[PDB]
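A look at the structure
Given next are the chains, with one letter for each unit.
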Amino acid sequence: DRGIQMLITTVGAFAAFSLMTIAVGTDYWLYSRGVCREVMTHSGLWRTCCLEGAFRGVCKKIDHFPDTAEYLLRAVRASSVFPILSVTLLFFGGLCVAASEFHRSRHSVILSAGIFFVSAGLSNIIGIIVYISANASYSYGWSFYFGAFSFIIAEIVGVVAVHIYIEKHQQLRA
Amino acid sequence: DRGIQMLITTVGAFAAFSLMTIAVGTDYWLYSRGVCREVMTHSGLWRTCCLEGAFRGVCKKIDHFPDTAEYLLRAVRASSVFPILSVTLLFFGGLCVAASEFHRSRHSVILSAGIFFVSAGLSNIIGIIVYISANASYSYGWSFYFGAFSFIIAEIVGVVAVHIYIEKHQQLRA
Amino acid sequence: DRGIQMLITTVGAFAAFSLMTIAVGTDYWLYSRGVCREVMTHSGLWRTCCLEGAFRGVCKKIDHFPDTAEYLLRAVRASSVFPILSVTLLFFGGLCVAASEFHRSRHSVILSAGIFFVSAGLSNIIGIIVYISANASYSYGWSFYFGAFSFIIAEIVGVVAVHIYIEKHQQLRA
Amino acid sequence: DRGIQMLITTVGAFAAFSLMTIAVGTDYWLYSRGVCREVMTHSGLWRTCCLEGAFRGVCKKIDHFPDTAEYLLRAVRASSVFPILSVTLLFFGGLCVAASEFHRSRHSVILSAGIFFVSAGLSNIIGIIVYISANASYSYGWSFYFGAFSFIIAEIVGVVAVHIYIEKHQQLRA
Amino acid sequence: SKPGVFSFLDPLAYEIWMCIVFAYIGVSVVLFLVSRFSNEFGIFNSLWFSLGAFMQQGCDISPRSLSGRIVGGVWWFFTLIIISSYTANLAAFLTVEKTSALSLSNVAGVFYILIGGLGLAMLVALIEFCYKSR
Amino acid sequence: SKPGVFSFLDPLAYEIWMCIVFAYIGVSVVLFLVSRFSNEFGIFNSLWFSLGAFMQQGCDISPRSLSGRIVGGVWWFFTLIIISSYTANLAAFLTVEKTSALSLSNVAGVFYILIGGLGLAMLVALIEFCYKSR
Amino acid sequence: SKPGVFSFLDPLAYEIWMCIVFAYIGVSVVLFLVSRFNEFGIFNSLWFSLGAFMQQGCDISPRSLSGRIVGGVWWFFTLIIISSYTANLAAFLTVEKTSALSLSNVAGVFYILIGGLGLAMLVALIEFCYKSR
Amino acid sequence: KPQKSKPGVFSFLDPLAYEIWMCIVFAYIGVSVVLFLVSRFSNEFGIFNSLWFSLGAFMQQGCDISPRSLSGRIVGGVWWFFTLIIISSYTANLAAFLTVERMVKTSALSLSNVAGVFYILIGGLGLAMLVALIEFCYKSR
Ligand SMILES: CCCCCCCC/C=C/CCCCCCCC(=O)OC[C@H](O)CO
Ligand SMILES: CCCCCCCC/C=C/CCCCCCCC(=O)OC[C@H](O)CO
Ligand SMILES: CCCCCCCC/C=C\CCCCCCCC(=O)OC[C@H](O)CO
Ligand SMILES: CCCCCCCC/C=C\CCCCCCCC(=O)OC[C@H](O)CO
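Residues numbered from 1 in each chain as written, not as in the entry; some residues may be left out. Chains lettered and ligands numbered in written order. Heavy atoms only, no water. Residues with missing side-chain atoms left out of burial classes, pairs and counts.

Residue and element names in this part refer to chain C. Viewed as axis vectors pointing N to C, helix α1 (residues 2-25) and helix α3 (residues 81-102) meet at an angle of 155°, and their least axial separation amounts to 9 Å. Considering the angle they form, α1 stands roughly antiparallel to α3. As α1 packs across α3, the resulting crossing turns out to be left-handed. In contact with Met6, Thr9, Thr10, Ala13, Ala16, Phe17, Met20, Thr21 and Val24 of α1, α3 contributes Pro83, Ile84, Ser86, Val87, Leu90, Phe91, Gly94, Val97, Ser100 and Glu101. Grouping the constituent residues of the contact of α1 with α3 by class yields 12 nonpolar, 6 polar and 1 charged. (Axes fitted to C-alpha atoms, helices over the stretch in contact; angles between N-to-C directions. Helix = DSSP H or I, 4+ residues; strand = E, 2+ residues; numbered from the N terminus. Parallel < 35°, antiparallel > 145°, perpendicular 65-115°, else oblique. Left-handed = near helix turned anticlockwise from the far one by under 90°. Contact = heavy atoms within 4.5 Å. Nonpolar A, V, L, I, M, F, W, Y, C, P; charged D, E, K, R; others polar.)

Shown next, in the form of structure tokens:
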């Protein structure tokens, strides 16, 4: 099952990265009522856009800044440091996965892939919690669910990467 | 103890099937006040019938249909799919029990009897919950308690059938 | 430790019986306000008696009878069946303890002592619960606490008797 | 690791004793508003002293005595028996630690050090609880936190002393 | 009128109690089956495991198979919802005819069931003895 | 608005339920990772340990390493806050306008999930069989 | 009346606490006897019962039918009594809004705790000196 | 008129005074040290396992091990009693403290009301991974 494990890892790593990059880029996180200049809007991390009215398709840069704890929440939300960090770590995880095909001598590469993917998922959870907490009728759109599916896939890939490394250290010791 | 186990199984299977078929057919599930077309009535899955007055013994079909969740509950209650499915599975369980005497070569027949009886009981629980939930002073009659006794007997017979199969696979392996 | 165990058993059995018999006989279960013909009284299972006034030391028999559950509670309280049963069982326990010195062949005698003492304590708990429940400012007197200490001693003696029997069946088998 | 363990023990024992003695002596337990004979004051176990005004640095003895439970709390708080007992036990713990270097023959000396330090910490907890409970806007000062750090160090030293005794009894038995 | 000896049943409708008992049997039988498929989960231990889970106690066994753990997991979820719902307002149902202590009379019935159970246990133990002595 | 079939979920916002599930996965993966670094905490037992902790049931096994115990300890703390919040707030929802018994209709959804789960468990058991038979 | 040092006992009448203790002893003795006539000797019976009541669990669990009857009714009793205590405790803690408990309100539980630790250390010295001689 | 302040990230601490929290922590250490001591007097209750046992007892979880000695069981028993009182008191009104707006009926809890519990959790997982890398690199040398 070495081939299938590496297939799942590689496809999974690409899937997770793609989903998360789309999610960070696109603007269908939240469907709330508001204004793109109130009307039904679709927002994301960066922009809010109207979907009914004369300005349908207009998008305005969110004003993240319209108590230390409140300020910190606004700052962390504004930067989207945690969603971006999750994309970065998924990028490096996939990089390690690629590098594991060449440098077979050094087994720690695939493990580091694993740790990147696990960490990417932790960064993702923090991001979601910051996003929802900062927003305090509404509904979440497909960009939101892409971030959520990225978390699930990253955690599955982390587990498979760690299994690959374990099989390696248990085959060659014996 | 092979004889006693198979006696308990066969009598039990017949008992459970009989009780459940009577229960589905008869009309003493609920004693509430109402109208056979208010007066004291006795109802079942299918019909309502009066116990007092000039119309004592007149019996009218239930109007099951006088939110998706509410609609589903009404539909499932109206069909009595779960009580009927319970009768069907008890029928097939008893069929397998009979077939276990003849074609002894395949051991899995008595196991399948077991699974049918276990499943019949799960179908029965769902039925009861749908019945009570859809009805939302009253009292339950003997038809109701026959359904309940069928559940208990089916679960006992399922357990004994599974024991028979275990004894078989533990005798013939050694 | 055979001697010390049998000493603890015998002294304990006598203690428990004595305490419980005093408690059933005496009239210092409850210190409440009331009338011996309202004044400060001391009552027991059977009689109520005044502590202050012209009638100090006059004692009237309790009217236990001045819902099925209420009737049962009144009846069971009135009879004091459970305190009396506890005295009886302690009596038979002590009898068995004595008989264990003669008929050494039959080891079950000391075990039966044990079971009598354990049961005496269960009878005692029921009695207390019936007493307190039937009474529904007040305070419990020394007769009450004698019943409670009898329970504790009976349970200790039951445990020691059972240990004696275990030592016997573990010495002679080996 | 025998040297390091004994260094930690000895330094630790001195630290704990020093901290606790300072704490009992000094008067920065509580910063509340009050009167040195209302103004902002700093109090301790024994004295209250002003931080603002013409009387800044005047310092008056506490009147501990301006229900049995209330009386006991006042008495125990007034004496500061528990903080003083904590200092005493830390003194004897450190004494044993010193004696463990000379008369090595008896191993139990370092164990007794351990028990003294553990007990010192329990005395300390009781003291804190009595102090806070008897005081029922305010804040705790550095004397208070010295008592708290003494507790932590005493418990660490108790644990290390007990470890020393264990490897002594595990070295010399084999 | 004071509340009954079995007032501890009052927070839930009779039909919930009946269904809890059927659910208990269903869960126990299904656990037995899935487990004789992948100490061990015979029927008696399945009954004991389910009872402990429901009573929030736990016992000397936990399922190891995937199907056993699915059964266990949904029974744990069921238990959390039902016990939470039952325990919410329990003391209010025990004393319903301001904030007072419960009295022994309010819980006497729980004590009668307990001592009854101890009696039953001793009886069953004598039987199981005399049967095995023969 | 009438209370839904799944009204037992109502004391917590949908987003808490979703984040509980992500937290559950995160905790389980990290516990597996730290342990395969330090009867063992493979992924399936990590999932089982976490689930039991959350549901207040216990487990066969408990972490022995320092990093395993850090993970376990913070998950226990999280559990205590979240479950306590659920049952505190559940009690509030169950008494918001007397002492009325819950009815079977109020909890029917929990029964459907339970029987659904038993069905799924039996299905998974047949598969895991037929797979291992071939 | 101000709430006492042991006010945490207040949600149950004194007679319930007394009867809980007698019930605890009865259950423990009966569990020992039905199990003997990793094992349920008297000390482990006492430990099992205590853990069940305090909602902690135990090393061990009964395996016999009579042991499980005793265990099962004790679990049932525990669930009712503890649930009643915490239900009714909640009521007592909010009776004149969201006010934090103070150390004075729970000091009695700390005194029992440190008392218990002292007793444990004393018992440990005895059990030592006895086994040393 | 200021807008009503939302409760803090650490609002889950609010049902108990700061001094109770401090004393719970000292009690936890005291119990753990005394358990270790009595147990070495007469897997096993070394200090790390004593700390783990006490933490699990307090959090209403349990763990691998339970004391076998009389003195260990006295310590365990009083800590269980302490835990029952303190946790019962803490959990009574907890959701009320998490959702209380103050000036410097029944709603669902929101993620913002419990976000702080999530930050502690993910922080802890991060710390655990860090500690695991250290404990590795130390043992790799
Ligand atoms: C190895 C691990 C074993 C795994 C064992 C898993 C079982 C435990 C949990 C089951 C909870 C079931 C969740 C039920 C979710 C129902 C959601 C729902 O009904 O949503 C309605 C919606 O709000 C529109 O109104
Ligand atoms: C083998 C088993 C090991 C045994 C381990 C035992 C520890 C468990 C319980 C301790 C509770 C402590 C009892 C607390 C009683 C306090 C009573 C009190 O303070 O009463 C005041 C009175 O009401 C006037 O106001
Ligand atoms: C023994 C094995 C190791 C197990 C270890 C894991 C157990 C962790 C449990 C709880 C953490 C809760 C801590 C949260 C405290 C943070 C808030 C606080 O203390 O104060 C806030 C700030 O100081 C003013 O605003
Ligand atoms: C598998 C090992 C065996 C373990 C077995 C022990 C478990 C016992 C648990 C609970 C008993 C509670 C039963 C209480 C029900 C009595 C009241 C009742 O049923 O109804 C009252 C009456 O019908 C109308 O007034």
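The next thing to look at is the pairing of strand β3 (residues 47-50) of chain D. Residue and element names in this part refer to chain D. As paired elements, strand β2 (residues 39-43) and β3 share 3 bridges and run antiparallel to each other. Bridging from a neighbouring strand, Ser43 pairs with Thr48 of β3. Turn length for the β2-β3 hairpin, with the two strands adjacent in sequence and antiparallel, is 3 residues. Where β3 and strand β4 (residues 59-61) come together, 3 bridges link them in antiparallel fashion. (Pairing = 2+ DSSP bridges.)

Moving on: the state of the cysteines. As enumerated under the stated definition, the model contains 8 disulfides over all chains in all. The disulfide bridge from C:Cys36 ends at C:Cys50, spanning 2.0 Å between sulfur atoms. Where C:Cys36 bonds to C:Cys50 through sulfur, the torsion about that S-S bond is close to 105°, and the disulfide is right-handed. With a relative accessible area of 3%, C:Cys50 lands in the buried category. With a sulfur-sulfur separation of 2.1 Å, D:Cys49 is cross-linked through a disulfide to D:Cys59. Residue D:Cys49 is found in strand β3, and its partner D:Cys59 is found in strand β4; the two are separated by 10 residues along the sequence. The exposure class assigned to D:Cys49 is buried, which follows from its relative accessible area of 4%. The connectivity of the disulfide bonds within chain A can be written as 1-3, 2-4, using the sequence rank of each bonded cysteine. Of all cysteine sulfurs in the structure, the one in B:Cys96 sits closest to F:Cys130, which takes part in no disulfide; the separation is 15 Å. Here H:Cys137 is not cross-linked by a disulfide; its sulfur's nearest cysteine counterpart is in A:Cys96, at 15 Å. Accessibility expressed as a relative area gives 48% for H:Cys137, which makes it partly exposed. (Disulfide = S-S within 2.5 Å. Buried < 20%, exposed > 50% of the residue type's maximum accessible area, 1.4 Å probe, protein only.)

Let us now look at the site of ligand 3. Taken together, F:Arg69, F:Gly73, F:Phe77, H:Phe10, H:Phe48, H:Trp52, H:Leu55 and H:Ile120 make up the full set of residues adjacent to ligand 3. Contact with the protein chains hides 52% of the accessible area of ligand 3, taken as 710 Å² for the molecule alone. When contributions to the shell around ligand 3 are tallied by element, the ones reaching two or more residues are α3 (66-94) of chain F together with α2 (47-59) of chain H. Here the shell around ligand 3 is composed, by residue class, of 6 nonpolar, 1 polar and 1 charged. (Near = heavy atom within 4 Å. Areas by Shrake-Rupley, 256 points an atom, 1.4 Å probe, with all protein chains shown as cover.)

This paragraph deals with the UniProt feature "intramembrane region" in chain E. The UniProt feature table records "intramembrane region" at residues 41-56 and 57-59 of chain E. Helix makes up 81% of residues 41-56 of chain E and strand 0%. Its end C-alpha atoms lie 19 Å apart. (UniProt positions renumbered as here; feature names shortened; annotations may be inferred.)

For the rest of this paragraph, the subject is the packing of helix α5 (residues 142-171) of chain D against helix α1 (residues 18-41) of chain H. Relative orientation of the contacting elements α5(D) and α1(H) amounts to 15°, with a least axis distance of 10 Å. It follows that α5(D) is roughly parallel to α1(H) by the angle criterion. In this structure, α5(D) crosses over α1(H), and the sense of that crossing is left-handed. Packed against α5(D), whose contacting residues are D:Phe144, D:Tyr145, D:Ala148, D:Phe151, D:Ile152, D:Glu155, D:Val159, D:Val162, D:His163 and D:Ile166, the element α1(H) presents H:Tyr18, H:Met22, H:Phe26, H:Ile29, H:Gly30, H:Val33, H:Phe36, H:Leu37 and H:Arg40 at the interface. Among the residues forming the contact of α5(D) with α1(H), the class breakdown is 15 nonpolar, 2 polar and 2 charged.

Backbone hydrogen bonds hold the strands of a sheet together, and the pairing may be parallel or antiparallel. All names here are of chain A. Within the open sheet, the 5 strands sit side by side as β4-β3-β2-β1-β5. Their pairing is antiparallel. For this open sheet the edge positions go to β4 (59-61) and β5 (138-140), each flanked by a neighbour on one side alone. Each adjacent strand pair in this sheet contributes to an overall mean axis angle of 30°, direction not counted.

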